[PDB]
């Protein structure tokens, strides 16, 4: 087992040029592949999630070229639905933002392809999306456990009246939204009940409009999509820096700054995780908003009790930042923490307790009572990039912390530790 030990960081201060948004990157890649024309993505994220998406596009016959730092990508649009026959296997590694969207997109036409990935991918639910796709005409077969990948897609999604459960993941709706415009018939996507991670739907809609497609959003309860559309290359597209990745650095400043400025995202960003800054502000930190930056300056840190359903990922960062806040922090309505890279509620509670916190792992919430002082712990990361990044913040104290499998950050942020070190100051 590989590990990285972070020595206590006395102060953080500096500027970080954010890696590209993983959410935006994979949506842009898929739309670029389906679109007509050449799309040039800039500030594209170079991480495992994107590499796996790129690998899948290659397997699907899409042509593209990458710059040296793999942040600039020129994609030759397919000019319509990707075609894949022969019941071949499409390996998506561990990119859920590839698996979900492609599961839907490859249901267009008369394909026959099997989607799978690393063993862990088979543990992320996709049943709600399959249910919706089938209502739209798609022929889908679970090759292993019902409601999970691998899936054998045999086309048939034509559109029509489609219900979709949006209570476990916004990604199923996202996948349906990107695929539907290309279906031959108009589609009416009806959300069964609650819709979690709503901000991600806005990212999806934003990307779709950029690629030439708009739909009718009826208060996020139903989405009317006209079929027979085509995605069009927007020419050059700038990928916003990753707001989720930015949370770690902004939190670092709220805890041990100094002022940390992240560039690549600003007040105009489409990502819901920029709202993470509001939480730090509510906790006592100072936030500065720029056109292409967000900065956080140390103030004080006070515990908060909030519904974090709008920023599920960035919320994990608040969970460890809570170790440094005064009082008990409660993060509510984060049930789907349980169905991601690992069960994050279980994982976060387990590791937080290891560094000294008293933690109540609620079914869909977490209450964190910080200790008077943190203690050393060899943090288990559960093959989850965010566990590694969240716990790196434990080093912003008097105790060092050992992070197991530090390379797991590569899913979305390969250079995480060097970047953290960049803003880590001894004086």
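Numbering follows the first chain given and starts at 1.
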> According to the deposited model, is the average Cα temperature factor higher in 62-70 or in 384-392?
Replying inline: 62-70
>> Quick check: 212-220 versus 329-337, which has the larger average CA B-factor in the record?
In response: 212-220
> Checking the entry, which one of 314, 207, 196, 104 has the top C-alpha B factor?
Replying inline: 196
>> According to the Cα B-factor stored in this entry, which of the following is highest: 165, 273, 240, 186?
In response: 186
> residue 26's Cα B-factor: lowest, middle or highest third of the chain?
Replying inline: lowest
>> Can you tell me whether residue 49 has a C-alpha B-factor in the lowest, middle or highest third compared with the other modelled residues of the same chain?
In response: lowest
> In terms of the chain's CA B-factor thirds, is residue 289 lowest, middle or highest?
Replying inline: highest
> Within this chain, which third does the Cα B-factor at residue 151 fall in: lowest, middle or highest?
Replying inline: highest
>> Looking at the temperature factor on the CA atom of residue 404, which third of the chain's modelled residues does it land in?
In response: lowest
